[PDB]
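# Residue-level structural notes
Chain residues, written in single-letter form:
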Amino acid sequence: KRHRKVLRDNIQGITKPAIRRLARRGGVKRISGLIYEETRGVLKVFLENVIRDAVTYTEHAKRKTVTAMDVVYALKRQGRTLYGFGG
Amino acid sequence: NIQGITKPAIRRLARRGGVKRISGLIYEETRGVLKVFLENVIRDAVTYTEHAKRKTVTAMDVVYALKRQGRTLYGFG
Amino acid sequence: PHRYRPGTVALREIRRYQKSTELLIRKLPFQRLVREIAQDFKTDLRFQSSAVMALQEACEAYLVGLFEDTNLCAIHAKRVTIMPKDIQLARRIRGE
Amino acid sequence: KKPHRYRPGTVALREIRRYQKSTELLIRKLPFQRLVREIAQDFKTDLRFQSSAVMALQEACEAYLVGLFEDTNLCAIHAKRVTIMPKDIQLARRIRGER
Amino acid sequence: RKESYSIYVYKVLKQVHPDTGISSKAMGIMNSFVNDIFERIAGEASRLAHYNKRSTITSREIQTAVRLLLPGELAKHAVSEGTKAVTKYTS
Amino acid sequence: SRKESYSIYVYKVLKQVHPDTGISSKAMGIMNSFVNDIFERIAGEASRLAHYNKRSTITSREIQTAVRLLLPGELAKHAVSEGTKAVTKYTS
Amino acid sequence: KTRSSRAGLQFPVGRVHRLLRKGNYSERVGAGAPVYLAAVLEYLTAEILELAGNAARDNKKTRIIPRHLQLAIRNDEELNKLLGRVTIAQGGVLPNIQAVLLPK
Amino acid sequence: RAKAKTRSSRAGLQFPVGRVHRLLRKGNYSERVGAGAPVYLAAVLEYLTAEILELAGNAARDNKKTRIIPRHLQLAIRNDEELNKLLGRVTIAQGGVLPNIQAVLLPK
């Protein structure tokens, strides 16, 4: 009965150097200034779809805690099977 | 027999795809791609035929093969 | 004599073939190719007619989609002529 | 004497080698968690999360983005450029079939 | 023999477009469509039941599967139709 | 709280192929995920095969055909060889 | 009295029930599940036929043909999403020319 | 009663035939299950496990490590064309990617 500070503008936590690092893993050598906002949008869309499905599973089980298995099933049914989080 | 897929036919297909100008080397490349695609589908199709211990490939065999590669086809059920 | 400029007839053909739906490859050579390829897995196979028509619908739809993506790749490089490297890029990104 | 200063690109390449050699997650844990909770709140209020669920989500997000950047880089190189631009991302996602 | 949804498709068509007909191929395509969506929904429902160690598929599982399968407005309208139908049937 | 996994069998196979090699807990978990994934794919494909032909029994024949559908080329041939040899040795 | 009639539906509830029982989906089937499923299928059929009829009327045809179905599906964002990986035989494609290809 | 022999032992296998049989019975895949089907399935699963472990061990020794970790599994999978095809849509947690720099980016 002591809830956290209302979440706002959290998209800004995806920092410029973090996206740069991810791009480095992808082999990108030079990065236009406009890339960052685009990346943020894409990421947000992806996340929305995943979290939507996960929460749907959570509600079906009449639980209030999203579990790792919920996420694994959501990802699996979108053709992005994830290994390592079973059991 | 690969040459029966003629140059003007591929041109017509490209027209449906919206292509306005076509390099001369495209045609051979396209043929190769087509061959690969066909092989895969047919490989699966004949497998279904063989599982049923039949000698005639049916339309349903093809539909199932296509479905399991994620290219669902409507109209032949 | 009258002569249309390069591209006008191409555009006319684009409109023509996007308006209609008839199959664009000749039936019989396509069938011959199918039987030849089939022969390398199992001998003496026969085919129902509607199976071959289904295969033809699938092949032409697949190729049409590939050409749309190829065209987008060509235009991306500020060209208007599609080239083999465009097809290879499209196929790599599709994951084949 | 003049301070030592590598030419543009050297350090980028060394970073590519560095980050392709290792496997640790590259986004900060807590801001990512806050992002997830904010987005989740717009479907149902007051949800809680298991820790391993958030870690799984993070693995999925970063893997997805890494793949997107590989394809983006290939699209950029195709146009004889070396700098990736928004239109490259949009082409990559159009060809994947997400839009 | 060979079952199809043709007569039901025709009744729906007469409800929505009294003066519109349909070719044989189009009816065949509609049958393929209906079977496709049927298989998808039943399969998703099956996984739902297994994940929760339940042996019965109920209307609630159908509803959750519908929410997973259909995007946005289509999902909301489908849920509305399902709820009305179950409520009318129950009484 | 009893949770089954393939851990002990994975470990025995590992000792057959690399006597002096170990494995982390995470990797064993990944192996369990892998095994379950391939299991589900094969069983599901086999179910579809049985359904298409109006047979109510899944036999080793359905398994073999499913194996040919899912695995590419030489991997498929080798797997089929192993399965056939195993079944024939078992039958005697 | 039929169950479909009690439910106000056109799709055959009984047939759907039998297909669920014999489809090896679960050990038991609730009484409401086939009603719900039949309602959803009928709704979607109505949506597709609505759009296809519209497309037919634009084309001044009185019979819906496959071309009209393809046009209807590809011109609706949510249906196109749902059937993103479906090929409609004899459907063709949407008329579409990239702007850069036109003269001037 | 006869001395207990396991079906895995009768088949010369390491994977547990009995457990696979139970999972097939309870996975609602078909109404009936033949006696030979779980033997075949177990053999295939064992073979594939052996193939992945083979490549992963090779990778582990190439890196002078004695314990296989997820990095080695990812390397093993991506460097084999047929396994890469089979697991084309699979993410290996903590796997990273293969070292790979496009040739055009290196200096001249």
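Residues numbered from 1 in each chain as written, not as in the entry; some residues may be left out. Chains lettered and ligands numbered in written order. Part of a larger assembly, values for the part shown. Heavy atoms only, no water.

- As stated in the entry header, the method of structure determination is cryo-EM and the reported resolution is 4.24 Å.

## Some words on the overall build of chain B
- Along its length, chain B carries three helices and three strands.
- Taken from the N to the C terminus, the helices and strands of chain B come in the order α-β-α-β-α-β.
- Across its three principal directions, the C-alpha atoms of chain B cover 45 × 25 × 15 Å.
- Considering only residue pairs separated by 6 or more positions, chain B has 36% of its internal contacts joining residues 24 or more positions apart. (Helix = DSSP H or I, 4+ residues; strand = E, 2+ residues; numbered from the N terminus. Contact = heavy atoms within 4.5 Å.)

## Re the overall build of chain C
- Looking only at helices and strands, chain C has four helices and two strands in total.
- Across chain C, helices and strands are ordered from the amino to the carboxyl terminus as α-α-β-α-β-α.
- Radius of gyration (C-alpha) of chain C: 18 Å, far over the 12 Å computed for a compact globule of 96 residues.
- Considered along the principal axes of its C-alpha atoms, chain C spans approximately 50 × 40 × 25 Å.
- The buried share of chain C, reckoned over its 96 residues, is 50%.
- By sequence separation, contacts in chain C at least 24 residues apart represent 43% of the contacts at least 6 residues apart. (Rg over C-alpha atoms; globule rule 2.2 N^0.38 Å. Buried < 20%, exposed > 50% of the residue type's maximum accessible area, 1.4 Å probe, protein only.)

## With respect to the interface of chain G and chain E
- Listed per partner, the contact involves 54 residues of chain G and 53 residues of chain E.
- Summed over both sides, the interface between chain G and chain E buries roughly 4,800 Å², with carbon and sulfur atoms accounting for 72% of that surface.
- Where chain G touches chain E, the interface holds two salt bridges.
- On inspection of chain G and its partner chain E, the count reaches 15 residue pairs in polar contact.
- Considering each element in turn, the side of chain G that touches chain E owes the most residues, 19 residues, to helix α3 (residues 33–58) of chain G. (Buried area = accessible area lost by both parts, 1.4 Å probe. Salt bridge = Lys/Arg side-chain N within 4 Å of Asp/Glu carboxyl O. Polar contact = N/O pair within 3.5 Å; in protein donor to acceptor, adjacent residues only side chain to side chain.)

## A closer look at the packing of helix α1 (residues 7–17) of chain F against helix α2 (residues 25–52) of chain F
Residue and element names in this part refer to chain F.
- It is the contact of α1 with α2, at a shortest axis distance of 10 Å, that shows an interaxial angle of 105°. Regarding the angle of α1 to α2, the classification is roughly perpendicular. Contacts between α1 and α2 involve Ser7, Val10 and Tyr11 from the first element and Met28, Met31 and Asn32 from the second.
- Looking at the contact of α1 with α2 residue by residue, the classes come out as four nonpolar, two polar and no charged. (Axes fitted to C-alpha atoms, helices over the stretch in contact; angles between N-to-C directions. Parallel < 35°, antiparallel > 145°, perpendicular 65-115°, else oblique. Nonpolar A, V, L, I, M, F, W, Y, C, P; charged D, E, K, R; others polar.)

## Some words on the interface of chain C and chain G
- Taken together, the contact between chain C and chain G spans 16 residues of the former and 15 residues of the latter.
- Counting across the interface, chain C meets chain G through zero salt bridges.
- For the side of chain C that touches chain G, the elements supplying multiple residues, two or more each, are α1 (8–19) and α3 (49–76) of chain C.

## Quick word on the packing of aromatic side chains
- A complete count under the given rule lists 13 aromatic pairs over all chains for this structure.
- A centroid spacing of 4.1 Å and a plane angle of 10° characterise the contact between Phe46 of chain A and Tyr64 of chain D, whose relative ring orientation is stacked. Residue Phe46 of chain A is located in helix α2 (residues 35–60), and its partner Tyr64 of chain D is located in helix α3 (residues 51–78); the two belong to separate chains. For the pair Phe46 of chain A and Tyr64 of chain D, one class covers both residues: buried.
- Seen from their ring centres, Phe37 of chain B and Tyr62 of chain C are 4.2 Å apart, and the 15° between their planes marks the pair as stacked. Linking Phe37 of chain B in helix α2 (residues 26–51) with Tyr62 of chain C in helix α3, this pair reaches from one chain into another. Both residues of the pair, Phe37 of chain B and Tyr62 of chain C, count as buried. (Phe/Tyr/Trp six-rings, centres within 6.5 Å; stacked < 30°, edge-to-face > 60°.)

## Here we look at the arrangement of the chains
- Ranking by contact count across 15 pairs of chains in contact places chains E and G at the top.
- Taking C-alpha atoms as the reference, chain D and chain F come no closer than 13 Å and do not contact one another.
- Structurally, chain D and chain G remain out of contact, their C-alpha atoms never closer than 8 Å.

## Side note on the environment of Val33 of chain B
Residues and elements named next belong to chain B.
- Secondary-structure assignment places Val33 in helix α2.
- With relative accessibility at 10%, the residue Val33 sits in the buried group.
- For the pair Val33 and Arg12, spaced 21 residues apart in sequence, the C-alpha separation works out to 17 Å.

## Topic: the pattern of salt bridges
- Summed over the entire model, instances satisfying the criterion amount to 32 salt bridges over all chains.
- Measuring nitrogen to oxygen at the nearest pair gives 3.8 Å for the salt bridge that ties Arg68 of chain B to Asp44 of chain B. Within this pair, whereas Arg68 of chain B is found in helix α3 (residues 59–68), its partner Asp44 of chain B is found in helix α2, the two being separated by 24 residues in sequence.
- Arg68 of chain B sits in the partly exposed class, given a relative accessible area of 27%.
- We classify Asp44 of chain B as buried; its relative accessible area is 7%.
- A single network of salt bridges, built from pairs that share partners, joins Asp53 and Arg77 of chain A together with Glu44 and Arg47 of chain E.

## Quick notes on the packing of α2 of chain A against helix α3 (residues 68–77) of chain A
Residue and element names in this part refer to chain A.
- Between α2 and α3, whose axes approach to 8 Å, the crossing angle comes to 125°. Classified by the angle their axes make, α2 and α3 are oblique. Where α2 crosses over α3, the handedness of that crossing is right-handed. Between α2 and α3, the residues in contact are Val50, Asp53, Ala54, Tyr57 and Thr58 and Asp70, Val71, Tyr73, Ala74, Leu75 and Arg77, respectively.
- Of the residues contributing to the contact of α2 with α3, the split by class is seven nonpolar, one polar and three charged. (Left-handed = near helix turned anticlockwise from the far one by under 90°.)

## Quick word on the nonpolar core
- One finds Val71 of chain A, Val62 of chain B, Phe34, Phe39, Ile63 and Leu71 of chain F together with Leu41 of chain H to be the most contacted residues of the largest nonpolar core, which totals 175 residues.
- Once residues within four sequence positions are removed from consideration, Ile63 of chain F is found in contact with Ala46 and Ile58 of chain F together with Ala37, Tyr40 and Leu41 of chain H. (Core = buried A, V, L, I, M, F, W, Y, C linked by side-chain atoms within 4.5 Å.)

## Thoughts on the side chain of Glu44 of chain E
- Of note, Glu44 of chain E is situated in helix α2 (residues 24–51).
- Sequence-distant contacts of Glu44 of chain E, defined by excluding residues within four places in its chain, comprise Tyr57 and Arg77 of chain A together with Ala65, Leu68 and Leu69 of chain E.

## Remarks on the environment of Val40 of chain G
- Looking at the element boundaries, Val40 of chain G is found in helix α3.
- The sequence separation of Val40 of chain G and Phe11 of chain G amounts to 29 residues, and the corresponding C-alpha distance is 9.9 Å.
- Those residues in contact with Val40 of chain G, other than ones at most four positions away along the chain, are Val66 and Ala78 of chain E.

## Let's talk about helix α1 (residues 7–16) of chain B
- The buried fraction of α1 of chain B is high, at seven of 10 residues.
- Where α1 of chain B is concerned, the buried positions are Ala9, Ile10, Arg12, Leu13, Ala14, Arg15 and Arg16 of chain B.
- Contact partners of the buried residues in α1 of chain B: β1 (21–22) and α2 of chain B together with α1 and α3 of chain C.
- After α1 of chain B finishes, the residue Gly18 of chain B shows a positive phi value of roughly 90°.

## A short note on unusual backbone geometry
- Look at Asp44 of chain C: it is not a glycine, yet its phi comes out positive at around 70°.
- With respect to the helices and strands, the residue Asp44 of chain C is situated in the loop between α2 (27–39) and β1 (46–47).
- Under the relative-accessibility criterion, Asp44 of chain C is labelled exposed at 59%.
- You will see that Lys60 of chain G, though not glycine, has its phi angle at about 50°, which is positive.

## Section: the side chain of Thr49 of chain H
- Relative to the elements of secondary structure, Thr49 of chain H occurs in helix α3 (residues 37–62).
- On the basis of relative accessible area, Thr49 of chain H is assigned to the buried category, the value being 0%.
- Within the local environment of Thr49 of chain H, its side chain forms a polar contact with the backbone oxygen of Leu45 of chain H, the two atoms lying 3.0 Å apart.
- Not counting residues within four places of it along the chain, the set of residues in contact with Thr49 of chain H comprises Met31 and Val35 of chain F together with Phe15 of chain H.

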